[PDB]
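The structure appears right after this line, and notes come after that.
Scope of the values below: all heavy atoms of this structure, side chains included, with no hydrogens, waters or symmetry mates. Numbers here are sequence positions counted from 1.
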Amino acid sequence: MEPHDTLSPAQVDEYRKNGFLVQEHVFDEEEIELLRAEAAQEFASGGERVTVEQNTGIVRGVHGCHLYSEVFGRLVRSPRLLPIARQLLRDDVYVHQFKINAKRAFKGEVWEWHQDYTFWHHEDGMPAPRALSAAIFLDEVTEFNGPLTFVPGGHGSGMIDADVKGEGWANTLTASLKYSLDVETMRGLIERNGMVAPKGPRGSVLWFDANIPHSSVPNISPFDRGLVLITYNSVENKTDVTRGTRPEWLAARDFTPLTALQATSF
Ligand SMILES: O=C(O)[C@@H]1C[C@@H](O)CN1
């Protein structure tokens, strides 16, 4: 393997200030094709772990793949990913959540403004927002294929009071989100901080804070927007399983600290 990757001090500062950071071209075309093929397999065989877009039935997401797929199990331990998660969370880490979110060409939904941590705190018993997500770009992310859109520095407020809607956890994965940020709060945020939709080539990784507000629009391009999202959590920040409400394929219960893939002959 290559000497474990880490972010420069400038990159770390940028991540801390803005709440997100893109590394371009982390994975090459052949690597991304391997991940795309495995994603397709998970969409086909994932069963109850799969979600479909309402009004289309097109497969939208699949969850918990690193528990069921050897490829994705290895991916979360990649020397391209694990060392940076450790660096940013300043701890050993484990995977809280794994999901693949596809927005096909000419498809896609408006994803309501939200903070991930609100879900993890209330649904899963995550005590603090000492977690982040790595979004691997299976496709080039552009202005026009429904990029994750953020309020830069919007995580600095911490967790924001949100409109709650629905019972259970069914609507934690849907177009209509259980925890959504209202018109008023978002106006103030954006007036103060603005909006940014990070772009990048296929194989890029977008790191973003558990508490950063984000949203996305439909894909009006003729090109898909597949993302593999790995949520790393600090081991010290392990969720309180006694307040947990969701299956392990949404919220992990094995808090064993991850170690990196080492090079083998097979
Ligand atoms: O419910 C969850 O855990 C994730 C967090 C947000 O991305 C929305 N769905």
Heavy-atom distance under 4.5 Å between the side chains of [X] and [Y], does that happen here?
X    : Y    : result
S176 : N171 : no
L177 : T172 : no
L132 : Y117 : no
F208 : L21  : no

Can you list the residues that meet the ring-ring contact (aromatic ring centres under 6.0 Å, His included) rule with [X], with sequence neighbours excluded?
X    : value
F119 : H114, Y179
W207 : none
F137 : none
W111 : none

What pairs meet the side-chain hydrogen bond (donor to acceptor under 3.5 Å, both in side chains) rule with one or both residues in residues 136-158, with sequence neighbours excluded? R36-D139, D139-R202, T142-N145
Keeping to residues at least two apart or across chains, list the side-chain hydrogen bond (donor to acceptor under 3.5 Å, both in side chains) pairs with something in residues 257-266. none
Is it the case that the side chain of [X] and the backbone of [Y] share a donor-acceptor pair, with hydrogens and angles ignored and the cut-off at 3.5 Å?
X    : Y    : value
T185 : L181 : no
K165 : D163 : no
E123 : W120 : no

Is the CZ atom of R16 crowded by more than 12 outside heavy atoms at less than 6.0 Å? yes
Take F98 and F72, measure what ring pair (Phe, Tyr, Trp, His ring centres under 6.0 Å) needs, and give me the verdict at the end. CA-CA 9 Å; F98 187 109; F72 289 135; 5.1 Å; yes
Go through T51 and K99 one step at a time and tell me if the side chain to side chain donor-acceptor pair (under 3.5 Å) criterion holds. CA-CA 10 Å; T51 53; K99 59 186 173 293; over 6 Å; no
Can you list every pair that meets salt bridge (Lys or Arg N to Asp or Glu O under 4.0 Å) and has a residue in residues 244-255, with sequence neighbours left out?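 As it turns out, the salt bridge (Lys or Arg N to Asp or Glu O under 4.0 Å) pairs with a partner in residues 244-255, which skip direct neighbours, are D124-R246.
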Strictly by salt bridge (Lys or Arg N to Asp or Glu O under 4.0 Å), give each pair with a member in residues 229-244 just once, sequence neighbours left out.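 Counting only pairs at least two positions apart or across chains, the salt bridge (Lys or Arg N to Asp or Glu O under 4.0 Å) contacts touching residues 229-244 are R130-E236, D240-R243.
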For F255, what are the other residues in its hydrophobic cluster, where any two members join if their side-chain heavy atoms are less than 4.5 angstrom apart?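 Members besides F255, by chain and number: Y94, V235, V241.
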Test salt bridge (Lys or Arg N to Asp or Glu O under 4.0 Å) applied to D92 - qualifying residues, sequence neighbours left out: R86
Checking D116 now: which residues fulfil salt bridge (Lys or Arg N to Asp or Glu O under 4.0 Å) with it, not counting sequence neighbours?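 For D116 there are no salt bridge (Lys or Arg N to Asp or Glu O under 4.0 Å) partners, ignoring immediate neighbours.
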What pairs with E24 under side chain to side chain donor-acceptor pair (under 3.5 Å), at least two apart in sequence or on another chain?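 Not a single residue meets the side chain to side chain donor-acceptor pair (under 3.5 Å) criterion with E24.
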Is it true that the NZ or CZ of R49 lies under 6.0 Å from the centre of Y68's six-membered ring and within 45 degrees of the ring axis?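 Flagged: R49 positioned over aromatic ring of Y68.
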